[PDB]
Every structure is written in C-alpha cells, then in structure tokens.
file input39.cif (mmCIF, N, CA and C atoms)
data_structure
#
loop_
_atom_site.label_atom_id
_atom_site.label_comp_id
_atom_site.auth_asym_id
_atom_site.auth_seq_id
_atom_site.Cartn_x
_atom_site.Cartn_y
_atom_site.Cartn_z
N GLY R 1 -12.38 -16.75 -12.26
CA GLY R 1 -12.93 -16.19 -11.01
C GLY R 1 -13.50 -14.82 -11.24
N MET R 2 -14.15 -14.30 -10.22
CA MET R 2 -14.70 -12.96 -10.26
C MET R 2 -14.65 -12.34 -8.89
N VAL R 3 -14.48 -11.02 -8.90
CA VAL R 3 -14.30 -10.22 -7.71
C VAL R 3 -15.64 -9.61 -7.31
N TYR R 4 -15.91 -9.64 -6.02
CA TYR R 4 -17.10 -9.02 -5.48
C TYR R 4 -16.74 -7.60 -5.04
N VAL R 5 -17.58 -6.67 -5.42
CA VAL R 5 -17.44 -5.28 -5.04
C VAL R 5 -18.78 -4.78 -4.53
N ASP R 6 -18.82 -4.41 -3.26
CA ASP R 6 -20.03 -3.80 -2.67
C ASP R 6 -20.34 -2.44 -3.32
N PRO R 7 -21.60 -2.00 -3.26
CA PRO R 7 -21.99 -0.76 -3.97
C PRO R 7 -21.13 0.49 -3.65
N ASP R 8 -20.90 0.77 -2.38
CA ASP R 8 -20.11 1.97 -2.01
C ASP R 8 -18.72 1.88 -2.60
N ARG R 9 -18.09 0.71 -2.51
CA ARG R 9 -16.75 0.53 -3.08
C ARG R 9 -16.75 0.66 -4.59
N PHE R 10 -17.81 0.12 -5.22
CA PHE R 10 -17.89 0.19 -6.66
C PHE R 10 -17.94 1.65 -7.10
N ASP R 11 -18.68 2.49 -6.37
CA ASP R 11 -18.69 3.93 -6.63
C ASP R 11 -17.30 4.57 -6.63
N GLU R 12 -16.47 4.15 -5.70
CA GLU R 12 -15.09 4.60 -5.61
C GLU R 12 -14.25 4.16 -6.79
N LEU R 13 -14.45 2.92 -7.22
CA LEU R 13 -13.82 2.40 -8.44
C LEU R 13 -14.29 3.17 -9.70
N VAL R 14 -15.57 3.52 -9.77
CA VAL R 14 -16.05 4.38 -10.85
C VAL R 14 -15.34 5.75 -10.87
N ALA R 15 -15.16 6.36 -9.70
CA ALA R 15 -14.49 7.64 -9.60
C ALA R 15 -13.05 7.49 -10.13
N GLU R 16 -12.37 6.42 -9.74
CA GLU R 16 -10.99 6.17 -10.20
C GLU R 16 -10.95 5.95 -11.71
N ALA R 17 -11.97 5.26 -12.24
CA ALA R 17 -12.10 5.05 -13.68
C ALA R 17 -12.22 6.41 -14.40
N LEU R 18 -13.08 7.29 -13.89
CA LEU R 18 -13.32 8.58 -14.54
C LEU R 18 -12.07 9.46 -14.45
N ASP R 19 -11.41 9.43 -13.29
CA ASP R 19 -10.21 10.23 -13.09
C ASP R 19 -9.11 9.85 -14.11
N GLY R 20 -9.12 8.60 -14.57
CA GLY R 20 -8.12 8.10 -15.51
C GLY R 20 -8.54 8.16 -16.97
N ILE R 21 -9.72 8.72 -17.26
CA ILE R 21 -10.10 8.91 -18.65
C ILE R 21 -9.09 9.81 -19.35
N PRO R 22 -8.57 9.37 -20.49
CA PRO R 22 -7.61 10.22 -21.19
C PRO R 22 -8.16 11.58 -21.58
N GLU R 23 -7.28 12.58 -21.54
CA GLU R 23 -7.64 13.97 -21.77
C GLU R 23 -8.30 14.17 -23.13
N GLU R 24 -8.00 13.33 -24.12
CA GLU R 24 -8.63 13.51 -25.44
C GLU R 24 -10.17 13.29 -25.40
N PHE R 25 -10.68 12.60 -24.37
CA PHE R 25 -12.11 12.37 -24.20
C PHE R 25 -12.79 13.32 -23.18
N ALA R 26 -12.01 14.18 -22.56
CA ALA R 26 -12.49 14.98 -21.42
C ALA R 26 -13.60 15.89 -21.89
N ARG R 27 -13.36 16.63 -22.96
CA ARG R 27 -14.37 17.55 -23.47
C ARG R 27 -15.61 16.77 -23.94
N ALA R 28 -15.42 15.62 -24.56
CA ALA R 28 -16.57 14.77 -24.97
C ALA R 28 -17.47 14.35 -23.79
N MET R 29 -16.86 14.17 -22.62
CA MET R 29 -17.54 13.81 -21.37
C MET R 29 -18.19 15.00 -20.64
N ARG R 30 -18.10 16.21 -21.22
CA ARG R 30 -18.72 17.37 -20.61
C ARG R 30 -20.19 17.13 -20.28
N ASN R 31 -20.55 17.40 -19.02
CA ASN R 31 -21.94 17.28 -18.58
C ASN R 31 -22.55 15.90 -18.86
N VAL R 32 -21.73 14.87 -18.63
CA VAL R 32 -22.15 13.49 -18.61
C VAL R 32 -21.88 12.96 -17.22
N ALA R 33 -22.89 12.33 -16.66
CA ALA R 33 -22.81 11.72 -15.33
C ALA R 33 -22.86 10.21 -15.47
N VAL R 34 -22.11 9.55 -14.62
CA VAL R 34 -22.04 8.10 -14.62
C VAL R 34 -22.83 7.65 -13.40
N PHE R 35 -23.78 6.77 -13.63
CA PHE R 35 -24.61 6.18 -12.60
C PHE R 35 -24.45 4.67 -12.67
N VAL R 36 -24.52 4.04 -11.51
CA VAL R 36 -24.35 2.62 -11.41
C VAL R 36 -25.69 1.95 -11.10
N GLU R 37 -25.95 0.87 -11.81
CA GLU R 37 -27.07 -0.02 -11.58
C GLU R 37 -26.53 -1.42 -11.43
N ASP R 38 -27.28 -2.32 -10.80
CA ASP R 38 -26.71 -3.66 -10.58
C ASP R 38 -26.79 -4.50 -11.86
N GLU R 39 -27.92 -4.45 -12.54
CA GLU R 39 -28.22 -5.39 -13.59
C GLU R 39 -28.96 -4.67 -14.75
N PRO R 40 -28.53 -4.89 -16.01
CA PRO R 40 -29.22 -4.28 -17.15
C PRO R 40 -30.51 -5.00 -17.53
N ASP R 41 -31.43 -4.30 -18.21
CA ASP R 41 -32.61 -4.99 -18.76
C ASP R 41 -32.12 -6.08 -19.75
N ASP R 42 -31.01 -5.83 -20.47
CA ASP R 42 -30.38 -6.79 -21.43
C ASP R 42 -29.08 -7.36 -20.87
N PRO R 43 -29.02 -8.69 -20.64
CA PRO R 43 -27.90 -9.27 -19.87
C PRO R 43 -26.48 -9.07 -20.46
N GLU R 44 -26.41 -8.77 -21.75
CA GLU R 44 -25.11 -8.57 -22.40
C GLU R 44 -24.44 -7.20 -22.11
N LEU R 45 -25.17 -6.24 -21.56
CA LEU R 45 -24.63 -4.87 -21.48
C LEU R 45 -23.72 -4.66 -20.28
N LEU R 46 -22.63 -3.91 -20.49
CA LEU R 46 -21.80 -3.38 -19.39
C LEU R 46 -22.15 -1.92 -19.08
N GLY R 47 -22.70 -1.24 -20.07
CA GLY R 47 -23.07 0.14 -19.93
C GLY R 47 -24.10 0.56 -20.95
N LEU R 48 -24.65 1.76 -20.75
CA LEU R 48 -25.71 2.27 -21.65
C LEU R 48 -25.69 3.80 -21.63
N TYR R 49 -25.70 4.43 -22.81
CA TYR R 49 -25.73 5.88 -22.88
C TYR R 49 -27.19 6.28 -22.91
N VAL R 50 -27.54 7.21 -22.03
CA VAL R 50 -28.89 7.75 -21.95
C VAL R 50 -28.84 9.26 -22.21
N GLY R 51 -29.34 9.65 -23.37
CA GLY R 51 -29.46 11.05 -23.78
C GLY R 51 -30.73 11.66 -23.26
N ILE R 52 -30.61 12.81 -22.62
CA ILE R 52 -31.75 13.51 -22.01
C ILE R 52 -32.48 14.34 -23.07
N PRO R 53 -33.84 14.22 -23.18
CA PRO R 53 -34.61 15.03 -24.13
C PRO R 53 -34.40 16.51 -23.85
N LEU R 54 -34.57 17.33 -24.88
CA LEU R 54 -34.36 18.78 -24.76
C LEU R 54 -35.31 19.37 -23.69
N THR R 55 -36.54 18.86 -23.67
CA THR R 55 -37.56 19.21 -22.67
C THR R 55 -37.15 19.00 -21.24
N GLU R 56 -36.27 18.05 -21.00
CA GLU R 56 -35.89 17.63 -19.65
C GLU R 56 -34.49 18.11 -19.34
N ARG R 57 -33.90 18.87 -20.26
CA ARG R 57 -32.49 19.25 -20.18
C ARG R 57 -32.24 20.29 -19.10
N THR R 58 -33.21 21.17 -18.87
CA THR R 58 -33.04 22.24 -17.89
C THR R 58 -34.09 22.21 -16.79
N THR R 59 -33.76 22.89 -15.69
CA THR R 59 -34.54 22.84 -14.46
C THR R 59 -35.25 24.15 -14.31
N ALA R 60 -36.21 24.19 -13.39
CA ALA R 60 -36.94 25.43 -13.08
C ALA R 60 -35.97 26.58 -12.76
N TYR R 61 -34.86 26.23 -12.13
CA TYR R 61 -33.92 27.17 -11.56
C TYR R 61 -32.67 27.41 -12.45
N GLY R 62 -32.77 27.10 -13.74
CA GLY R 62 -31.66 27.30 -14.67
C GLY R 62 -30.62 26.19 -14.78
N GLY R 63 -30.70 25.16 -13.93
CA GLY R 63 -29.74 24.06 -13.96
C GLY R 63 -29.79 23.30 -15.28
N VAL R 64 -28.64 22.86 -15.77
CA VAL R 64 -28.60 21.96 -16.90
C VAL R 64 -28.38 20.60 -16.33
N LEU R 65 -29.14 19.62 -16.81
CA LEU R 65 -29.00 18.27 -16.35
C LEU R 65 -28.08 17.51 -17.32
N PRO R 66 -27.28 16.57 -16.81
CA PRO R 66 -26.34 15.83 -17.65
C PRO R 66 -27.00 14.65 -18.34
N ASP R 67 -26.51 14.30 -19.52
CA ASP R 67 -26.69 12.96 -20.07
C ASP R 67 -26.14 11.94 -19.07
N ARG R 68 -26.56 10.69 -19.21
CA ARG R 68 -26.13 9.66 -18.26
C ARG R 68 -25.41 8.54 -19.02
N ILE R 69 -24.35 8.01 -18.44
CA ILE R 69 -23.83 6.73 -18.84
C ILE R 69 -24.09 5.79 -17.65
N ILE R 70 -24.91 4.78 -17.88
CA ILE R 70 -25.19 3.78 -16.85
C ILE R 70 -24.12 2.72 -16.92
N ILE R 71 -23.60 2.29 -15.76
CA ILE R 71 -22.58 1.24 -15.65
C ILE R 71 -23.21 0.13 -14.83
N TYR R 72 -23.15 -1.11 -15.32
CA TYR R 72 -23.82 -2.26 -14.69
C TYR R 72 -22.84 -3.05 -13.84
N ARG R 73 -23.01 -2.97 -12.54
CA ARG R 73 -22.04 -3.53 -11.61
C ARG R 73 -21.91 -5.05 -11.78
N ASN R 74 -23.04 -5.74 -11.89
CA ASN R 74 -22.98 -7.22 -11.95
C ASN R 74 -22.20 -7.71 -13.18
N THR R 75 -22.49 -7.13 -14.34
CA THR R 75 -21.98 -7.65 -15.60
C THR R 75 -20.50 -7.29 -15.73
N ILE R 76 -20.12 -6.12 -15.22
CA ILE R 76 -18.71 -5.68 -15.15
C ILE R 76 -17.91 -6.60 -14.23
N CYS R 77 -18.44 -6.83 -13.03
CA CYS R 77 -17.68 -7.61 -12.04
C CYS R 77 -17.46 -9.03 -12.47
N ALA R 78 -18.43 -9.60 -13.15
CA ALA R 78 -18.34 -10.98 -13.66
C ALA R 78 -17.14 -11.19 -14.57
N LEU R 79 -16.69 -10.12 -15.22
CA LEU R 79 -15.53 -10.16 -16.10
C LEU R 79 -14.17 -9.90 -15.42
N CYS R 80 -14.19 -9.58 -14.12
CA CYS R 80 -13.01 -9.05 -13.41
C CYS R 80 -12.59 -9.89 -12.21
N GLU R 81 -11.29 -10.06 -12.05
CA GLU R 81 -10.74 -10.86 -10.95
C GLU R 81 -10.09 -9.97 -9.89
N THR R 82 -9.95 -8.67 -10.19
CA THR R 82 -9.41 -7.71 -9.23
C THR R 82 -10.13 -6.36 -9.38
N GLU R 83 -10.03 -5.54 -8.34
CA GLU R 83 -10.50 -4.15 -8.34
C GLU R 83 -9.89 -3.28 -9.44
N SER R 84 -8.60 -3.48 -9.70
CA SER R 84 -7.94 -2.80 -10.81
C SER R 84 -8.55 -3.20 -12.15
N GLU R 85 -8.87 -4.48 -12.33
CA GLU R 85 -9.55 -4.93 -13.56
C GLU R 85 -10.91 -4.27 -13.68
N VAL R 86 -11.60 -4.13 -12.55
CA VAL R 86 -12.91 -3.44 -12.53
C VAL R 86 -12.75 -1.98 -12.98
N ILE R 87 -11.78 -1.28 -12.41
CA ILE R 87 -11.50 0.11 -12.80
C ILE R 87 -11.29 0.21 -14.31
N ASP R 88 -10.44 -0.67 -14.83
CA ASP R 88 -10.11 -0.69 -16.26
C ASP R 88 -11.33 -0.95 -17.13
N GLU R 89 -12.13 -1.91 -16.70
CA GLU R 89 -13.31 -2.29 -17.42
C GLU R 89 -14.35 -1.18 -17.40
N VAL R 90 -14.54 -0.58 -16.24
CA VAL R 90 -15.43 0.60 -16.16
C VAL R 90 -14.94 1.75 -17.07
N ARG R 91 -13.65 2.06 -17.00
CA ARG R 91 -13.08 3.11 -17.83
C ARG R 91 -13.31 2.81 -19.30
N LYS R 92 -13.03 1.57 -19.70
CA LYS R 92 -13.14 1.19 -21.09
C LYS R 92 -14.59 1.36 -21.55
N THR R 93 -15.52 1.00 -20.68
CA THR R 93 -16.94 1.08 -20.97
C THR R 93 -17.43 2.52 -21.17
N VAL R 94 -17.08 3.40 -20.25
CA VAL R 94 -17.40 4.83 -20.34
C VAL R 94 -16.82 5.42 -21.63
N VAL R 95 -15.54 5.16 -21.90
CA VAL R 95 -14.89 5.71 -23.10
C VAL R 95 -15.56 5.20 -24.40
N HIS R 96 -15.87 3.91 -24.46
CA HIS R 96 -16.64 3.41 -25.60
C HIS R 96 -18.00 4.04 -25.74
N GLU R 97 -18.69 4.22 -24.63
CA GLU R 97 -20.04 4.76 -24.68
C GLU R 97 -19.99 6.20 -25.14
N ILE R 98 -19.05 6.99 -24.64
CA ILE R 98 -18.98 8.39 -25.06
C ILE R 98 -18.53 8.50 -26.52
N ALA R 99 -17.58 7.66 -26.91
CA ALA R 99 -17.08 7.68 -28.29
C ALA R 99 -18.19 7.35 -29.29
N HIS R 100 -18.97 6.32 -28.97
CA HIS R 100 -20.05 5.87 -29.84
C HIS R 100 -21.16 6.92 -29.91
N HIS R 101 -21.40 7.63 -28.81
CA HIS R 101 -22.39 8.70 -28.79
C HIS R 101 -22.05 9.80 -29.79
N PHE R 102 -20.76 10.04 -30.00
CA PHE R 102 -20.29 11.05 -30.94
C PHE R 102 -19.79 10.40 -32.23
N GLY R 103 -20.32 9.22 -32.53
CA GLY R 103 -20.13 8.57 -33.80
C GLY R 103 -18.73 8.12 -34.12
N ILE R 104 -17.92 7.88 -33.09
CA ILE R 104 -16.56 7.36 -33.24
C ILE R 104 -16.60 5.86 -32.97
N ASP R 105 -16.14 5.09 -33.95
CA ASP R 105 -16.23 3.63 -33.90
C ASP R 105 -14.98 3.02 -33.30
N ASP R 106 -15.03 1.71 -33.12
CA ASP R 106 -13.98 0.99 -32.41
C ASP R 106 -12.64 0.97 -33.16
N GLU R 107 -12.67 1.10 -34.48
CA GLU R 107 -11.43 1.15 -35.25
C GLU R 107 -10.71 2.47 -34.95
N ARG R 108 -11.47 3.56 -34.89
CA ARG R 108 -10.94 4.87 -34.51
C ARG R 108 -10.46 4.86 -33.05
N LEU R 109 -11.22 4.19 -32.18
CA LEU R 109 -10.85 4.05 -30.77
C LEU R 109 -9.58 3.26 -30.56
N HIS R 110 -9.35 2.25 -31.40
CA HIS R 110 -8.12 1.49 -31.32
C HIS R 110 -6.95 2.41 -31.62
N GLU R 111 -7.16 3.36 -32.54
CA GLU R 111 -6.21 4.45 -32.78
C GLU R 111 -6.13 5.45 -31.60
N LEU R 112 -7.08 5.37 -30.67
CA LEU R 112 -7.08 6.19 -29.45
C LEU R 112 -6.85 5.35 -28.17
N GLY R 113 -6.36 4.12 -28.35
CA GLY R 113 -5.94 3.26 -27.24
C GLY R 113 -7.04 2.44 -26.59
N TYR R 114 -8.22 2.41 -27.20
CA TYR R 114 -9.31 1.54 -26.74
C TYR R 114 -9.85 0.71 -27.93
#
call {"tool": "encode", "arguments": {"input": "input39.cif", "output": "structure tokens"}}
result
Amino acid sequence: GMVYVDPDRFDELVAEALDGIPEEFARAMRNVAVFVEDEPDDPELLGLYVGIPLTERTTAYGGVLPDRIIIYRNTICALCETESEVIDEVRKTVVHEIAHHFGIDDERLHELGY
C-alpha cells in the first residue's frame, strides 16, 4: 500500500524530517534549503541536490542564497504506508543527498546510521 499526503501536510512532514537530522550532519546542511516537487524529470529519484552557481549565490542586497535539496513527493509516498515512514524516507533522502554532496559514500553513511 501507499499513503497519500497532500502538499501542505507533506511540508510539515519535511519539517519533522529536518528537525530529526542527526547533529553530525547539521553543519553540512548549513544554508541548504529543502524544496518539494511532485514528480522528478527521472522517475527513479526521491531527491536531487542542486548547487547554486557562484554568480547566483548572492543578491543585490547582500543575501546569500542556499543550495537546494529537492524532495519528490510522489516517488517518496509510493514507498510509504504511513506518515512516519514518509518522515523517515524524507530524512534518509536529505541525509544521503547532503552526504554525497560532500563526497561521503553509503559505506561511510552506514557507519553514520544511514
């Protein structure tokens, strides 16, 4: 089976996922924003790391813009039978995406609980 999660609720589940990211990844997640999309260009993806070019990194007014981790609501939900499973799956996806961005592989992550 699979659980349906409306967009507003899914945003809340994303917040809960981020709140539960282990402290060892907190600094790695500095100035990274998580955005939700329904469906990826590639059907296999649960998430995607988007690095912002240096040219686009700052604003007219001094603001720094964050890198993005995109989370795909449809592909995540298809794997989940409960909201808690969704939270877990979202968390796992964000942590993998950030780890891989900083060149940490899944064997190292297994040593870090993912």
call {"tool": "closest_residue", "arguments": {"input": "input39.cif", "among": "R:87, R:98, R:29, R:42", "to": "residue 66 (chain R)", "atoms": "only C-alpha atoms"}}
result
R:29
call {"tool": "residues_around", "arguments": {"input": "input39.cif", "residues": "residue 17 (chain R)", "least_positions_apart": "4", "cutoff": "8 Å", "atoms": "all atoms listed in the file", "output": "list in words"}}
result
residues 11, 12, 13, 21, 22, 86, 87, 88, 89, 90, 91 and 92 of chain R
call {"tool": "atom_distance", "arguments": {"input": "input39.cif", "atom1": "CA of residue 9 (chain R)", "atom2": "atom N of residue 84 (chain R)"}}
result
11.2 Å
call {"tool": "atom_distance", "arguments": {"input": "input39.cif", "atom1": "CA of residue 41 (chain R)", "atom2": "CA of residue 77 (chain R)"}}
result
16.6 Å
call {"tool": "select_by_dssp", "arguments": {"input": "input39.cif", "residues": "chain R", "states": "strand (DSSP E)", "output": "number ranges by chain"}}
result
R: 32-37, 47-50, 67-72
call {"tool": "write_last_selection", "arguments": {"input": "input39.cif", "atoms": "N, CA and C atoms", "output": "tab-separated table (two decimals), in the frame of the given file"}}
result
chain	number	residue	atom	x	y	z
R	32	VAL	N	-21.73	14.87	-18.63
R	32	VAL	CA	-22.15	13.49	-18.61
R	32	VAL	C	-21.88	12.96	-17.22
R	33	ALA	N	-22.89	12.33	-16.66
R	33	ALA	CA	-22.81	11.72	-15.33
R	33	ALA	C	-22.86	10.21	-15.47
R	34	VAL	N	-22.11	9.55	-14.62
R	34	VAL	CA	-22.04	8.10	-14.62
R	34	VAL	C	-22.83	7.65	-13.40
R	35	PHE	N	-23.78	6.77	-13.63
R	35	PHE	CA	-24.61	6.18	-12.60
R	35	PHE	C	-24.45	4.67	-12.67
R	36	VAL	N	-24.52	4.04	-11.51
R	36	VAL	CA	-24.35	2.62	-11.41
R	36	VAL	C	-25.69	1.95	-11.10
R	37	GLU	N	-25.95	0.87	-11.81
R	37	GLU	CA	-27.07	-0.02	-11.58
R	37	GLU	C	-26.53	-1.42	-11.43
R	47	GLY	N	-22.70	-1.24	-20.07
R	47	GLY	CA	-23.07	0.14	-19.93
R	47	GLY	C	-24.10	0.56	-20.95
R	48	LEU	N	-24.65	1.76	-20.75
R	48	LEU	CA	-25.71	2.27	-21.65
R	48	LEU	C	-25.69	3.80	-21.63
R	49	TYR	N	-25.70	4.43	-22.81
R	49	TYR	CA	-25.73	5.88	-22.88
R	49	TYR	C	-27.19	6.28	-22.91
R	50	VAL	N	-27.54	7.21	-22.03
R	50	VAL	CA	-28.89	7.75	-21.95
R	50	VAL	C	-28.84	9.26	-22.21
R	67	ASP	N	-26.51	14.30	-19.52
R	67	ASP	CA	-26.69	12.96	-20.07
R	67	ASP	C	-26.14	11.94	-19.07
R	68	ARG	N	-26.56	10.69	-19.21
R	68	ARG	CA	-26.13	9.66	-18.26
R	68	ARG	C	-25.41	8.54	-19.02
R	69	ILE	N	-24.35	8.01	-18.44
R	69	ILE	CA	-23.83	6.73	-18.84
R	69	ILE	C	-24.09	5.79	-17.65
R	70	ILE	N	-24.91	4.78	-17.88
R	70	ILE	CA	-25.19	3.78	-16.85
R	70	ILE	C	-24.12	2.72	-16.92
R	71	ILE	N	-23.60	2.29	-15.76
R	71	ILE	CA	-22.58	1.24	-15.65
R	71	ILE	C	-23.21	0.13	-14.83
R	72	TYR	N	-23.15	-1.11	-15.32
R	72	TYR	CA	-23.82	-2.26	-14.69
R	72	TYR	C	-22.84	-3.05	-13.84
call {"tool": "atom_distance", "arguments": {"input": "input39.cif", "atom1": "CA of residue 71 (chain R)", "atom2": "atom N of residue 33 (chain R)"}}
result
11.1 Å
call {"tool": "closest_residue", "arguments": {"input": "input39.cif", "among": "R:73, R:57, R:68, R:27", "to": "residue 39 (chain R)", "atoms": "only N, CA and C atoms"}}
result
R:73
call {"tool": "resolve_selection", "arguments": {"input": "input39.cif", "expression": "the PyMOL selection byres ((chain R and resi 2) around 6)", "output": "count of residues only"}}
result
7
call {"tool": "closest_residue", "arguments": {"input": "input39.cif", "among": "R:14, R:75, R:106, R:26", "to": "residue 43 (chain R)", "atoms": "all atoms listed in the file"}}
result
R:75
call {"tool": "select_by_dssp", "arguments": {"input": "input39.cif", "residues": "region 44-111 of chain R", "states": "alpha helix (DSSP H)", "output": "PyMOL selection string"}}
result
chain R and resi 73-78+83-101+106-110
call {"tool": "write_last_selection", "arguments": {"input": "input39.cif", "atoms": "N, CA and C atoms", "output": "tab-separated table (two decimals), keeping the file's coordinate frame"}}
result
chain	number	residue	atom	x	y	z
R	73	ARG	N	-23.01	-2.97	-12.54
R	73	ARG	CA	-22.04	-3.53	-11.61
R	73	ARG	C	-21.91	-5.05	-11.78
R	74	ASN	N	-23.04	-5.74	-11.89
R	74	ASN	CA	-22.98	-7.22	-11.95
R	74	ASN	C	-22.20	-7.71	-13.18
R	75	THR	N	-22.49	-7.13	-14.34
R	75	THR	CA	-21.98	-7.65	-15.60
R	75	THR	C	-20.50	-7.29	-15.73
R	76	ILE	N	-20.12	-6.12	-15.22
R	76	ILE	CA	-18.71	-5.68	-15.15
R	76	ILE	C	-17.91	-6.60	-14.23
R	77	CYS	N	-18.44	-6.83	-13.03
R	77	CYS	CA	-17.68	-7.61	-12.04
R	77	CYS	C	-17.46	-9.03	-12.47
R	78	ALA	N	-18.43	-9.60	-13.15
R	78	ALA	CA	-18.34	-10.98	-13.66
R	78	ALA	C	-17.14	-11.19	-14.57
R	83	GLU	N	-10.03	-5.54	-8.34
R	83	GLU	CA	-10.50	-4.15	-8.34
R	83	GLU	C	-9.89	-3.28	-9.44
R	84	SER	N	-8.60	-3.48	-9.70
R	84	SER	CA	-7.94	-2.80	-10.81
R	84	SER	C	-8.55	-3.20	-12.15
R	85	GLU	N	-8.87	-4.48	-12.33
R	85	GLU	CA	-9.55	-4.93	-13.56
R	85	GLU	C	-10.91	-4.27	-13.68
R	86	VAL	N	-11.60	-4.13	-12.55
R	86	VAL	CA	-12.91	-3.44	-12.53
R	86	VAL	C	-12.75	-1.98	-12.98
R	87	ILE	N	-11.78	-1.28	-12.41
R	87	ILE	CA	-11.50	0.11	-12.80
R	87	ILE	C	-11.29	0.21	-14.31
R	88	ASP	N	-10.44	-0.67	-14.83
R	88	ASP	CA	-10.11	-0.69	-16.26
R	88	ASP	C	-11.33	-0.95	-17.13
R	89	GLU	N	-12.13	-1.91	-16.70
R	89	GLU	CA	-13.31	-2.29	-17.42
R	89	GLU	C	-14.35	-1.18	-17.40
R	90	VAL	N	-14.54	-0.58	-16.24
R	90	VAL	CA	-15.43	0.60	-16.16
R	90	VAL	C	-14.94	1.75	-17.07
R	91	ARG	N	-13.65	2.06	-17.00
R	91	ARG	CA	-13.08	3.11	-17.83
R	91	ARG	C	-13.31	2.81	-19.30
R	92	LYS	N	-13.03	1.57	-19.70
R	92	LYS	CA	-13.14	1.19	-21.09
R	92	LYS	C	-14.59	1.36	-21.55
R	93	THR	N	-15.52	1.00	-20.68
R	93	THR	CA	-16.94	1.08	-20.97
R	93	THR	C	-17.43	2.52	-21.17
R	94	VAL	N	-17.08	3.40	-20.25
R	94	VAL	CA	-17.40	4.83	-20.34
R	94	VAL	C	-16.82	5.42	-21.63
R	95	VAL	N	-15.54	5.16	-21.90
R	95	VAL	CA	-14.89	5.71	-23.10
R	95	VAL	C	-15.56	5.20	-24.40
R	96	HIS	N	-15.87	3.91	-24.46
R	96	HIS	CA	-16.64	3.41	-25.60
R	96	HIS	C	-18.00	4.04	-25.74
R	97	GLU	N	-18.69	4.22	-24.63
R	97	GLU	CA	-20.04	4.76	-24.68
R	97	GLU	C	-19.99	6.20	-25.14
R	98	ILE	N	-19.05	6.99	-24.64
R	98	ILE	CA	-18.98	8.39	-25.06
R	98	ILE	C	-18.53	8.50	-26.52
R	99	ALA	N	-17.58	7.66	-26.91
R	99	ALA	CA	-17.08	7.68	-28.29
R	99	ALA	C	-18.19	7.35	-29.29
R	100	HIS	N	-18.97	6.32	-28.97
R	100	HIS	CA	-20.05	5.87	-29.84
R	100	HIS	C	-21.16	6.92	-29.91
R	101	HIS	N	-21.40	7.63	-28.81
R	101	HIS	CA	-22.39	8.70	-28.79
R	101	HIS	C	-22.05	9.80	-29.79
R	106	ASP	N	-15.03	1.71	-33.12
R	106	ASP	CA	-13.98	0.99	-32.41
R	106	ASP	C	-12.64	0.97	-33.16
R	107	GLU	N	-12.67	1.10	-34.48
R	107	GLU	CA	-11.43	1.15	-35.25
R	107	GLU	C	-10.71	2.47	-34.95
R	108	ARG	N	-11.47	3.56	-34.89
R	108	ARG	CA	-10.94	4.87	-34.51
R	108	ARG	C	-10.46	4.86	-33.05
R	109	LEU	N	-11.22	4.19	-32.18
R	109	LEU	CA	-10.85	4.05	-30.77
R	109	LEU	C	-9.58	3.26	-30.56
R	110	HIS	N	-9.35	2.25	-31.40
R	110	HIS	CA	-8.12	1.49	-31.32
R	110	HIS	C	-6.95	2.41	-31.62
call {"tool": "axis_aligned_box", "arguments": {"input": "input39.cif", "around": "region 15-27 of chain R", "padding_each_side": "8 Å", "output": "lines of an AutoDock Vina configuration file"}}
result
center_x = -11.4
center_y = 11.3
center_z = -17.5
size_x = 24.3
size_y = 28.5
size_z = 31.8
call {"tool": "closest_residue", "arguments": {"input": "input39.cif", "among": "R:5, R:15, R:60, R:48", "to": "residue 100 (chain R)", "atoms": "only C-alpha atoms"}}
result
R:48
call {"tool": "decode", "arguments": {"input": "input39.cif", "residues": "region 17-48 of chain R", "atoms": "C-alpha atoms", "output": "CSV table (one decimal), in the first residue's frame"}}
result
chain,number,residue,atom,x,y,z
R,17,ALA,CA,12.3,15.1,8.9
R,18,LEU,CA,14.8,18.1,9.0
R,19,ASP,CA,14.2,18.6,12.8
R,20,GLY,CA,15.3,14.9,13.2
R,21,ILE,CA,18.5,15.1,11.2
R,22,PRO,CA,21.3,14.0,13.4
R,23,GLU,CA,23.6,16.7,14.8
R,24,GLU,CA,26.6,15.2,12.9
R,25,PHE,CA,25.1,16.4,9.6
R,26,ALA,CA,23.8,19.8,10.9
R,27,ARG,CA,26.9,21.8,9.9
R,28,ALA,CA,26.9,20.0,6.5
R,29,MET,CA,23.3,21.2,6.0
R,30,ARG,CA,24.3,24.9,6.5
R,31,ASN,CA,22.5,27.2,4.1
R,32,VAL,CA,20.7,24.3,2.3
R,33,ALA,CA,17.0,24.6,1.7
R,34,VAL,CA,14.7,21.7,1.1
R,35,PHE,CA,12.0,22.2,-1.6
R,36,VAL,CA,9.3,19.8,-2.6
R,37,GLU,CA,8.2,18.9,-6.1
R,38,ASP,CA,5.6,16.3,-7.0
R,39,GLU,CA,7.5,14.4,-9.7
R,40,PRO,CA,11.2,14.2,-10.9
R,41,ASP,CA,12.3,14.5,-14.5
R,42,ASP,CA,13.8,11.0,-13.8
R,43,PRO,CA,11.2,8.6,-12.3
R,44,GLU,CA,13.7,6.8,-10.1
R,45,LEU,CA,14.7,9.8,-8.0
R,46,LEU,CA,13.5,10.6,-4.4
R,47,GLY,CA,15.6,13.7,-4.2
R,48,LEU,CA,18.2,15.8,-6.0
